[PDB]
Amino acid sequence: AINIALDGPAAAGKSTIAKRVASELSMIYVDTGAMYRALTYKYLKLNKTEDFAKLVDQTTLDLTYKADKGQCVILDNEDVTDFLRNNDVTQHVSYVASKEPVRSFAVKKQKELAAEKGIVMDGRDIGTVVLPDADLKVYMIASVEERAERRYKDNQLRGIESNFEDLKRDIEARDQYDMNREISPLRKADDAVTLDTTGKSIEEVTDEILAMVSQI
């Protein structure tokens, strides 16, 4: 029974890696970003309301998992899993995630999900705020250019055309906003281990994290 915190900037690979690791350790992967994006989706639907307390009050949000253990986001009884990226949500999520009522709502749900351990949770404030007692806290990093290029490649693959410069600029802007916001900004926990993903296979990084897991 262990919990693994995986924090890092945008397009750092986190979700990918978190899936593999969870798989190999027969654990469940929780993508917290999906939660903030779902709430941002609701925000857009509500004409970008500034009343986040009310938004959260009048919203139900559950994370569920399929056969392949893939995470599904159920917002107000609708599966919005496939509408949280490569669209306007990405451009507004940092702003919405900076709001107190939003973070309080999401964090409480995230802790409930990890109460019985067995969770590999990725995000920005997992090792610092959500799972301060996680058995392993990893802080994934890579250069903006590295991350931009990897996102670009992925996109071209997935059948999504994207402009490299825009991708890099948006990634930089999101990371900057997330690192400077007043509440639970993205930052390395004192007991976290830095892990550079640059020039490393999706497998290599998974192996490294597993290596650390075996030590505890």
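Numbering starts at 1 and runs along the sequence shown.
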**Fill in**
Per the PDB entry, mean CA B-factor is higher for 75-83 or 106-114, namely for 106-114
**Prompt:** Where do the C-alpha atoms have the higher mean temperature factor in this entry, in 11-19 or in 195-203?
**Reply:** 195-203
**Request:** Have a look at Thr40, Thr64, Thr49, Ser162 and flag the one whose Cα has the highest B-factor in the entry.
**Result:** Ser162
**Asked** When you compare the CA B-factors of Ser98, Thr90, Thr128, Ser143 as listed in the entry, which one comes out on top?
**Response** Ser143
**Message:** Per the entry's values, where does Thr32 land by CA temperature factor relative to the rest of its chain, in the lowest, middle or highest third?
**Reply:** lowest
**Asked** Based on the entry's values, in what third of the chain does the Cα temperature factor of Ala53 lie: lowest, middle or highest?
**Response** lowest
**Prompt:** What third of the chain, by the recorded C-alpha B-factor, contains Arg174?
**Reply:** middle
**Request:** Quick one: classify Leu157 as lowest, middle or highest third of the chain based on its Cα B-factor.
**Result:** highest
**Message:** Looking at the temperature factor on the CA atom of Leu167, which third of the chain's modelled residues does it land in?
**Reply:** highest
